[PDB]
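A short worksheet on the structure shown next.
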Amino acid sequence: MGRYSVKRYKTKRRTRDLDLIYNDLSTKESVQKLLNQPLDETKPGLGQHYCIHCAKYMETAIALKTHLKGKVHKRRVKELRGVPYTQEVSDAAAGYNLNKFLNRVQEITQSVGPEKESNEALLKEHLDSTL
Amino acid sequence: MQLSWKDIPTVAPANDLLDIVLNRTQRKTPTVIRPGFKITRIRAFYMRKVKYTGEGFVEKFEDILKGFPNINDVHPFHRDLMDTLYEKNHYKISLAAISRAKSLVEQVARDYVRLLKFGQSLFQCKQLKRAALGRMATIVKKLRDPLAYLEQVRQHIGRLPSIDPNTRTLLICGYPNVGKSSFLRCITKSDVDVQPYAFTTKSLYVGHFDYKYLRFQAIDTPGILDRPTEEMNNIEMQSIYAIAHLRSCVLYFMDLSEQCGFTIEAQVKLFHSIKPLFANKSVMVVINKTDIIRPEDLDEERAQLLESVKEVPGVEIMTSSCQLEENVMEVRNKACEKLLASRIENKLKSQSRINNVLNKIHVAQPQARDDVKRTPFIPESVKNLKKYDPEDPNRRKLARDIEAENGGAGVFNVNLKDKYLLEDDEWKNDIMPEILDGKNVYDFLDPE
Amino acid sequence: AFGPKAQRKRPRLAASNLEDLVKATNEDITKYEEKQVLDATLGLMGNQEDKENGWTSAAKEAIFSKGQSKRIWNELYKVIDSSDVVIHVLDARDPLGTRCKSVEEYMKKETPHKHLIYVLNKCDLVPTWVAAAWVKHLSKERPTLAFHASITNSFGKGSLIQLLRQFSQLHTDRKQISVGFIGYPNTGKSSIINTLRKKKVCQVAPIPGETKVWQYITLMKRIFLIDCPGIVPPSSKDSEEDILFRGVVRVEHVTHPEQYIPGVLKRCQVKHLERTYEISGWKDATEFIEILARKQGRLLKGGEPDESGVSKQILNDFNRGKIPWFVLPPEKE
Amino acid sequence: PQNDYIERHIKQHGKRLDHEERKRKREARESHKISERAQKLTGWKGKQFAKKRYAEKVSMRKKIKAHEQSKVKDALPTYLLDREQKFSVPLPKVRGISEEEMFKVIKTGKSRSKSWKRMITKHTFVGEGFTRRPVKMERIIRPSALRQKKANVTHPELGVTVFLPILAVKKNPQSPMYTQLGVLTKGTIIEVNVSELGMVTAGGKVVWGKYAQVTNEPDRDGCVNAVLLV
Amino acid sequence: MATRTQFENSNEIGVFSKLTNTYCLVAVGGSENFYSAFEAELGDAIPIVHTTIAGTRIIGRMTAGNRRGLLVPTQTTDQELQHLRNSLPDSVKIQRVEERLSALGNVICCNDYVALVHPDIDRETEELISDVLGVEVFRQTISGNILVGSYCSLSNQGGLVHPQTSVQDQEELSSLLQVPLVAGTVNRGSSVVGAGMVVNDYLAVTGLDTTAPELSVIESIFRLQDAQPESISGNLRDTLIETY
Amino acid sequence: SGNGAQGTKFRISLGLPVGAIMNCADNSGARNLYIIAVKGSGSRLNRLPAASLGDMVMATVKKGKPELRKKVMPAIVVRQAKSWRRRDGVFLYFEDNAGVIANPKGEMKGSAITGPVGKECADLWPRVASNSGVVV
RNA sequence: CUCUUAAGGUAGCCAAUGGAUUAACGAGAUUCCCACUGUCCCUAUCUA
Ligand SMILES: Nc1nc2c(ncn2[C@@H]2O[C@H](COP(=O)(O)OP(=O)(O)O)[C@@H](O)[C@H]2O)c(=O)[nH]1
Ligand SMILES: Nc1nc2c(ncn2[C@@H]2O[C@H](COP(=O)(O)OP(=O)(O)O)[C@@H](O)[C@H]2O)c(=O)[nH]1
Ligand code: ALF
Ligand SMILES: [K+]
Ligand SMILES: [Mg+2]
Ligand SMILES: [Mg+2]
Ligand SMILES: [Mg+2]
Ligand SMILES: [Zn+2]
């Protein structure tokens with residue numbers, strides 16, 4: 001309603017969603033494709049220096065280093081730590097497709113969880129080494 | 001190429017055009033001006049009159065000039081045909097007269113608007129405007145003859161058949177009364193008149209047919225007389241230009257019964273005379289009217305003449321009768337085969353249309369890859385189904401027939417529940433509940 | 001000839017015989033096929049193919065029709081009617097581009113008593129041999145004077161003044177003569193008048209169309225100079241690119257200058273461009289624009305290069321003479 | 001359809017069954033229709049209808065006269081047959097034109113307070129080598145759109161008119177001031193180039209300059225018409 | 001056994017219809033002329049079902065199936081799913097699929113034995129295809145063209161691919177599908193053949209604007225008439241050279 | 001409802017007036033489209049022509065191929081950000097405005113469309129439905 | 001009596017520079033771009 005909320009969260013000023021960023025961080029191939037990109041003028045920094053968690057392009061390596069050494073990135077990482085909250089969560093909260101939600105929960109706990117954590121750790125150490 | 005010129009707007013005569021444009025000025029521009037008004041207003045009034053009238057004349061002239069074909073830029077067959085029909089010299093001179101009148105009218109309009117810039121009184125401005133309009137009227141009335149000529153030419157040229165010179169063509173030629181229009185009637189659905197006197201047909205007539213899924217055109221011509229081009233007339237020149245320009249298969253028709261009024265010697269002489277016309281085109285000699293006389297029971301000298309006709313490479317003699325469906329179809333198919341062979345063999349000598357043709361002609365094939373059986377599946381009901389006859393007393397009634405007998409399209413309300421395959425036919429018109437106390441019934445609906 | 005009352009039943013000029021007739025038809029068919037190939041290599045590959053797709057070319061901008069205004073041409077005909085001597089001012093970089101041949105032909109046809117001469121201005125922007133060759137080639141038609149217009153440090157001022165004094169001496173019974181300056185916009189007509197007066201008496205600006213109405217300037221007691229707005233004669237061969245590279249239109253009012261930057265690349269030497277902008281390594285106009293924008297810091301929001309602004313600045317540099325270039329003069333004979 | 005398909009369709013199927021009777025009754029009604037149009041059409045349409053009726057009646061009378069005249073019943077060389085074609089001036093007195101009509105006041109200045117400029121409102125001949133005076137000293141203004149170079153000159157003998165170039169303005173009857181300004185009004189004597197008329201003196205000299213008198217008002221009709229003085 | 005018709009003056013038969021070996025689906029829009037065009041050739045031999053998918057008429061583009069099953073997207077309503085279940089016999093399975101690519105008819109090209117699929121479909125969608133439709137599944141593009149369902153028309157006898165498919169790609173796809181493949185057009189030059197026509201082992205339905213050479217190519221490659229084998233391209237070579 | 005369209009078109013909330021820039025969803029090389037006209041739009045004093053989902057517009061390319069630029073071409077709106085009502089009973093909207101380049105007969109220049117395509121537009125234009133990978 | 005078109009292959013001779021195409025500054029006059037928006041489509045609502 002108010003001016004700040006309207007001019008920040010307008011429809012045309014939208015940013016990438018948490019579940020999409022979770023799916024980008026889940027697999028190592030997605031991490032590689034996001035880290036290694038062709039040089040594109042339409043993106044800042046020629047498409048380089050891209051924070052996957054924040055889904056944001058920085059202009060320079062020093063800018064990316066400063067962004068990583070900050071609370072905004074830490075807030076985004078803490079937000080991404082949890083369950084990605086698909087529509088199955090809301091359905092189960094209403095009591096709908098409960099077995100489907102439980103299957104997704106156990107799959108997240110078993111398979112997609114530790115692999116995504118290992119990918120995050122490898123991405124962090126790669127950024128530390130290359131920066 | 002355009003092949004058709006029916007979309008030419010009506011050409012008014014000189015007096016009618018003058019009436020149209022002048023009355024358009026008087027209706028569509030304001031007419032009341034007072035001498036007590038400002039001189040600038042008076043000058044604007046008369047300048048608008050002059051400019052609007054000039055624009056009307058120029059618009060009409062431009063509609064004339066854009067509509068008519070450029071005779072020197074069309075395909076040479078169309079150029080020769082239109083030169084024979086309308087005398088290209090007169091055609092171009094009349095259109096140049098229209099162009100010159102357009103330029104002169106524009107000059108008059110510009111000059112008198114510039115003059116009206118300095119008008120001092122309403123009387124002087126009115127005199128200048130009347131002078132401009134009168135000079136325009138003089139220019140337009142000088143066009144009385146070219147406009148009549150061009151209106152006649154427009155009417156005649158809107159009705160010419162569309163002949164593509166780069167498609168597949170069966171040309172029909174010969175003496176008058178040998179059966180050319182009869183053959184065109186047999187092989188196409190053209191309505192060319194068939195009458196037992198010479199020159200019933202005075203222009204080219206086009207028919208069409210399909211052979212091996214290919215669209216063929218067929219040109220029936222007025223008959224040619226065994227005369228030199230110096231004393232040849234325009235009607236015969238239509239046929240001469242058709243044979244000269246259209247790359248095709250030519251069918252030269254001969255009447256051996258001499259019912260056409262021309263002797264067999266005359267027909268052979270005409271064939272040998274127009275022999276230079278069809279060079280590097282397919283040629284065939286069709287002997288019509290085999291139900292009156294036949295080549296086999298002719299005279300010895302006449303047989304020698306027909307053999308001399310056959311001597312010319314690489315023509316072929318075929319018999320036909322315009323009451324013989326099988327024979328006219330056979331001669332049509334032989335001519336089409338010769339024309340197709342010529343076109344395909346000519347394309348075989350070209351290298352441009354090779355790789356794409358091979359790609360679009362090749363049929364890929366599989367090979368093994370597993371010991372798995374894959375066969376077409378046709379249901380027994382399908383293979384026992386009887387072919388639907390639209391014209392039959394005892395035929396299955398279709399959904400559209402039921403719709404038309406009930407309400408018609410857009411009024412008939414089909415019941416989609418009638419096709420339900422249920423355990424009980426009384427369950428077809430059952431309303432399936434969907435909501436009960438804030439719960440979707442469908443996500444609870446389950447066996448066991 | 002034709003109609004219900006037609007009496008023409010035979011062709012007027014019948015061919016000799018069927019062999020000549022078929023030879024003529026074969027010749028006509030071959031000529032038609034060759035003409036169709038030659039015209040379809042361009043037109044059907046260009047304009048007519050777009051008609052199938054329902055495409056239409058972008059509407060022509062009004063900024064390219066500047067210099068063809070009725071007010072401007074009214075001023076031009078006024079100064080010609082008032083002038084005894086007419087000085088046609090050409091650009092030393094492209095004098096054939098800046099020649100107004102239609103106005104020259106009008107002057108030689110309708111008013112033969114008016115003396116038309118050439119002044120080749122901006123000779124300081126071309127190599128000396130280029131200016132000499134252009135003067136020699138234009139002197140085969142008209143008296144041509146090389147000039148560099150500047151109030152303080154000029155070239156050719158004394159020669160122009162003595163030529164004007166000679167014209168006055170020839171017309172010594174006219175009690176005064178008028179010398180009207182005509183030519184393309186931005187050739188430097190007002191600059192030449194200021195050079196002759198040794199004072200800024202006519203307004204001068206790099207932007208085209210600074211002068212709008214005529215102006216009388218008293219050079220000596222018997223010599224008047226007439227300043228005229230620049231004129232661009234209409235034509236069909238003169239494309240928008242040619243008009244833009246003649247320094248005619250205001251670059252701020254054009255739509256897509258990146259489409260014209262390849263014209264700059266074709267008209268300028270690579271070494272000259274790389275010396276002017278301190279950049280190298282581009283292989284096309286888009287990369288040239290992007291490299292220049294990144295070097296100069298002309299970034300949009302988020303770091304996107306400002307291609308349109310950089311291209312407009314490049315076009316302005318080309319037209320205003322911060323990038324060296326010239327059109328080669330005709331070969332020496 | 002192709003060629004004369006409507007004519008062939010009439011030949012093959014005929015016309016509508018009531019076509020002849022319908023056409024006949026329309027042609028019978030035409031007389032009543034003509035009278036109703038003459039008495040009912042108003043304004044411009046009525047005037048045009050009456051004008052056309054008069055022209056048709058004149059043409060019909062001429063046709064009847066020609067038929068009855070047919071029923072009652074220069075010495076050119078061979079190479080020219082079958083090929084078709086006091087010292088008082090014709091206008092000794094013309095309408096007088098005052099300076100008020102001839103000239104128009106042109107006001108100058110930012111507030112339009114100075115009125116020394118005059119503009120000639122009539123057509124003028126300026127001659128060869130005309131250059132406009134400087135605007136600061138240009139009192140008399142002859143606008144270029146009103147300047148003339150040629151006139152339609154009619155020879156009284158042989159009855160022809162040629163577009164001839166003007167050479168000079170000999171005498172404007174209004175005033176010698178208008179003569180020296182080159183004003184072209186009705187009655188003005190001008191000199192015209194008659195080279196294309198092929199006139200030769202009795203002594204053999206080719207005549208290429210003669211006098212003509214202007215017979216129209218060019219400011220009213222946009223052109224100069226003149227009669228040669230032979 | 002190739003007929004031509006229109007759905008409300010439109011040539012895109014595959015957009016508005018779905019034809020398998022055991023059933024036919026037709027959009028409900030308008031009159032009964034489309035239904036009767038199918039019914040004149042099929043009789044009451046196989047079920048012909050009026051249907052809507054998410055309230056739309058584009059049922060051939062929204063649905064996929066063969067003689068053993070029918071797949072519908074997640075946008076299909078429960079009432080439409082129930083109507084399809086009641087109209088079709090139990091021999092044909094019906095499955096609603098949660099897939100990001102909802103245009104299943106565009107992204108799946110299948111017959112009774114094999115199925116080319118969009119290369120970016122989900123693994124569970126692939127398994128569901130292999131289960132319900134009972135076919136082998138290959139992720140493929142038709143000469144770089146995704147939407148294999150719209151750019152291919154396939155039966156158990158042959159296949160028609162869009163004409164810009166190279167010969168090597170045609171050979172690879174023919175080896176994958178185990179049917180002869182030809183490159184051609186439908187509806188007078190359209191490249192979208194899968195959405196231009198519908199075909200099964202004994203019937204083809206194309207648009208009215210399809211020409212005689214295109215119809216002959218379709219009949220030959222799909223082996224419709226008994227006297228029309230798939231190797232009569234040698235006999236139709238003359239007409240194909242003339243047409244191309 | 002425009003030439004090439006299949007049937008009638010119920011009224012959708014207008015989102016894109018003339019002068020708006022939408023994304024290009026096809027794979028023809030263009031990046032965005034600048035709306036200069038709306039086909040079928042009525043005439044009213046001071047009222048801008050405006051497009052909605054499923055409409056055909058005349059557009060120019062601002063970003064994309066230099067060959068494709070500087071020409072006016074038909075486009076079909078396939079996504080809009082202004083919310084509109086469906087007769088099934090929900091208001092809905094997309095995150096962006098997007099169209100696809102087409103000929104006057106509603107046939108696509110491109111071969112694929114990236115991102116979801118509205119049901120209304122897909123049902124109105126058969127070639128859009130044929131080139132759509134996702135219909136909502 | 002005589003005068004001007006000798007100059008030549010993308011930067012010269014002649015005296016760092018060859019300049020006023022002058023930096024900086026300006027409630028001076030003007031054009032364009034990004035951003036931004038109720039200027040507008042098209043108006044609605046709230047407070048004193
Ligand atoms: N007995 C017989 N008469 C024919 C045959 N073909 C044409 N005719 C007659 O010949 C007359 C003229 O034929 P027509 O079509 O006008 O030939 P065209 O003038 O050369 O075009 C017609 O009245 C026909 O009845 C035929 O095969 N047998
Ligand atoms: N280098 C150079 N620049 C010139 C010369 N003459 C004019 N200019 C420049 O060209 C621009 C336009 O000059 P202007 O006299 O207004 O051109 P006009 O439109 O013909 O009057 C001005 O910015 C001048 O500085 C010259 O001889 N040499
Ligand atoms: F000719 Al200008 F400013 F362009 F005086
Ligand atoms: K200027
Ligand atoms: Mg005949
Ligand atoms: Mg100036
Ligand atoms: Mg308004
Ligand atoms: Zn971050």
Side-chain angles (χ1 to χ4, degrees), chain A residues 1 3 6-7 10 12-13, chain C residues 63 66 92-93 117-118 120 122-146 148-155 159 162-163 166 186 188 191 194-195 198-200 203-210 249-257 267-273 275-276 293 298-313 315-317 319-333, chain F residues 13-20 35 38 41 44-51 82:
Chain A
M1 203 288 299
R3 182 182 65 198
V6 165
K7 81 181 185 295
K10 236 169 197 303
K12 57 184 184 175
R13 301 181 185 183
Chain C
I63 199 61
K66 298 301 188 184
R93 293 172 300 178
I117 64 174
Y118 281 156
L120 190 71
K122 303 184 182 182
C123 281
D124 66 318
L125 299 180
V126 301
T128 299
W129 65 268
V130 177
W134 273 122
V135 163
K136 177 181 64 181
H137 275 72
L138 295 176
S139 289
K140 297 185 170 59
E141 287 174 322
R142 306 198 170 282
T144 299
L145 186 69
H148 169 34
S150 173
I151 297 183
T152 62
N153 300 87
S154 64
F155 182 86
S159 300
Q162 64 92 34
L163 186 51
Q166 291 179 58
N186 270 334
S191 292
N194 287 342
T195 300
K198 211 185 187 309
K199 187 184 182 181
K200 185 185 61 183
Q203 185 65 279
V204 169
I207 54 179
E210 186 70 18
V249 319
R250 295 177 181 184
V251 185
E252 290 84 24
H253 294 264
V254 312
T255 294
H256 285 144
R267 284 167 183 81
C268 286
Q269 302 274 287
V270 177
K271 46 176 301 176
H272 297 161
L273 288 172
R275 289 174 183 168
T276 47
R298 305 269 66 87
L299 295 174
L300 302 173
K301 212 131 299 179
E304 179 77 14
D306 189 13
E307 335 283 351
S308 301
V310 168
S311 309
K312 286 178 173 179
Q313 189 48 56
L315 293 173
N316 270 336
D317 295 339
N319 280 325
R320 295 171 184 181
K322 299 176 187 294
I323 309 178
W325 65 272
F326 60 90
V327 177
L328 274 175
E331 315 285 349
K332 52 183 189 179
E333 194 58 48
Chain F
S13 301
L14 303 173
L16 290 324
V18 161
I35 296 169
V38 185
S41 195
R44 181 53 172 85
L45 189 77
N46 303 320
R47 181 172 302 167
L48 309 187
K82 173 68 204 313

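Values reported hereafter were calculated over all heavy atoms of this structure, with side chains retained and with hydrogens, waters and symmetry mates removed. Chain letters run A, B, ... following the sequence lines, proteins first and then strands; every chain starts at 1.
- In plain terms, the two heavy atoms of C:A92 and C:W134 that are nearest each other are O-CD1, 4.1 Å.
- Sugar puckers are classed by the sign of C1'-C2'-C3'-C4'; that of G:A20 comes out south, on the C2'-endo side.
- Proximity of C:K136 to the phosphate of G:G8: no side-chain N or O atom is located under 4.0 Å from OP1 or OP2.
- In this structure, A:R13 contributes its side chain and A:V6 its backbone to no donor-acceptor pair below 3.5 Å.
- Taking atom CZ of residue C:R142 and atom P of nucleotide G:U4, one finds them 20 Å apart after rounding to whole Å.
- The two residues C:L273 and C:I323 make their nearest non-hydrogen contact at CD2-CG2, 3.8 Å.
- Stacking between G:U30 and G:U31 holds: their six-membered rings sit with centres below 5.5 angstrom apart and planes below 30 degrees.
- Rounded to whole angstrom, the span from the NZ atom of A:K10 across to the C1' atom of G:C36 amounts to 12 Å.
- Going from atom CD of C:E307 over to atom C1' of G:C34 covers 13 Å, rounded to whole Å.
- Counting to the nearest Å, the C1' atom of G:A7 and the NE2 atom of C:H137 are 13 Å from each other.
- Comparing G:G8, G:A7, G:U10 against the side chain of C:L328 picks out G:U10 as the nearest.
- Separating the CG atom of C:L300 from the P atom of G:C36 is a distance of 12 Å, rounded to the nearest angstrom.
- Taking atom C1' in both G:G38 and G:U45, one finds a spacing of 13 Å when rounded to whole Å.
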Would you tabulate the pairs of protein nitrogen or oxygen atoms and nucleotide nitrogen or oxygen atoms of nucleotides 11-13 of chain G closer than 3.5 angstrom?
unit_1 : atom_1 : unit_2 : atom_2 : d
G:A11  : OP2    : C:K271 : NZ     : 3.0
G:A11  : OP2    : C:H272 : NE2    : 3.3
G:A11  : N6     : C:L125 : O      : 3.3
G:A11  : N1     : C:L125 : O      : 3.1

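- If you find the closest nucleotide of RNA chain G to C:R250 and to C:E141, the one lying nearer the 5' end belongs to C:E141.
- C:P206 is linked by a side chain to side chain contact (heavy atoms under 4.5 Å, CB included) to C:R320, counting only residues two or more places apart in sequence or in another chain.
- Spacing between G:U5 and G:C1 at atom P, rounded to whole Å, works out to 23 Å.
- The glycosidic torsion of G:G8 lies more than 90° away from 0, placing the base in the anti range.
- Judged by closest nucleotide on RNA chain G, C:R320 is the one of C:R320 and C:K312 placed further toward the 5' end.
- The base of G:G9 has none of its N or O atoms less than 3.5 Å from a complementary donor or acceptor on the side chain of C:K332.
- A side-chain donor-acceptor contact under 3.5 Å links C:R250 to the backbone of C:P208.
- Within the 4.0 angstrom heavy-atom criterion, base atoms lie near C:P329.
- South is the pucker class for the sugar of G:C42, given a negative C1'-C2'-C3'-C4' value.
- A search for salt bridge (charged side-chain N to carboxylate O under 4.0 Å, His left out) contacts involving C:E141 returns C:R99, not counting sequence neighbours.
- For G:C46 and G:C42, the P atoms lie 22 Å apart once the distance is rounded to whole Å.
- Residue C:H148 holds its NE2 atom at 7.5 Å from CG of C:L125, rounded to the nearest 0.5 Å.
- Distance check on atom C1': G:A7 versus G:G12 gives 11 Å, rounded to whole Å.
- Contacts of F:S41 classified as side chain to side chain contact (heavy atoms under 4.5 Å, CB included), with partners at least two apart in sequence or in another chain: F:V38, F:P49.
- For the pair C:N186 CG and G:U21 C1', the computed distance is 12 Å after rounding to whole Å.
- Using a 4.0 Å heavy-atom cutoff across all strands shown, C:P330 reaches at least one base atom of the nucleic acid.
- With sequence neighbours excluded, no residue forms a side chain to side chain donor-acceptor pair (under 3.5 Å) with C:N153.
- Whole-Å rounding puts the C:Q203 CD to G:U21 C1' distance at 14 Å.
- Here C:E252 pairs with C:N316 under the side chain to side chain donor-acceptor pair (under 3.5 Å) rule; sequence neighbours left out.
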Atom pairs under 3.5 Å, N or O on each side, protein against nucleotides 46-48 of chain G: can you list them with distances?
none

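- Rounding to the nearest 0.5 Å places CD of C:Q313 at 11.0 Å from CG of C:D306.
- Using the sign of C1'-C2'-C3'-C4' as the criterion, G:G26 falls on the south side of the pucker cycle.
- Nucleotide G:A23 shows a positive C1'-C2'-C3'-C4' value and thus a north, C3'-endo-like sugar.
- Nucleotides G:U30 and G:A35, compared at atom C1', are 22 Å apart to the nearest Å.
- C:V135 meets the side chain to side chain contact (heavy atoms under 4.5 Å, CB included) test with C:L120, C:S139, C:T144, C:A146; sequence neighbours excluded.
- Atom name P, nucleotides G:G18 and G:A23: the rounded distance is 15 Å, in whole Å.
- OP1 or OP2 of G:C36 lies within a sub-4.0 Å distance of a side-chain N or O belonging to A:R13.
- Ranking G:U31, G:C33, G:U37 by closeness to the A:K7 side chain, first place goes to G:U37.
- Across all strands, C:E304 comes closer than 4.0 Å to no nucleic acid atom at all (heavy-atom distances).
- Applying the 90° cutoff around 0 to the glycosidic angle, G:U10 is assigned syn.
- Comparing the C1' positions of G:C25 and G:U31 gives a spacing of 22 Å, expressed to the nearest Å.
- Sugar pucker annotation for G:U37: north, assigned from a positive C1'-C2'-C3'-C4' dihedral.
- Nucleotides G:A20 and G:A15 place their P atoms 24 Å apart, quoted to the nearest Å.
- Atom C1' of nucleotide G:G19 and atom NZ of C:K322 are separated by 13 Å, given to the nearest angstrom.
- Remark: C:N194 pairs with no residue by the side chain to side chain donor-acceptor pair (under 3.5 Å) rule, at least two apart or across chains.
- Nearest to the side-chain atoms of C:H253 among the listed nucleotides G:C33, G:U5, G:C32 stands G:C32.
- By the side chain to side chain donor-acceptor pair (under 3.5 Å) test, C:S150 pairs with no residue at all, sequence neighbours left out.
- Consecutive residues G:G28 and G:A29 form a stacked step, taking six-membered ring centres below 5.5 angstrom and planes below 30 degrees as the test.
- A heavy atom closer than 4.0 Å to some atom of RNA chain G occurs in no member of residues 13-20 of chain F.
- Shown here, G:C14 forms a base pair with G:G18; the pair counts as Watson-Crick or G-U wobble because both key distances fall under 3.5 Å.
- Residues satisfying the salt bridge (charged side-chain N to carboxylate O under 4.0 Å, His left out) test with C:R267, not counting sequence neighbours, are C:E241, C:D242.
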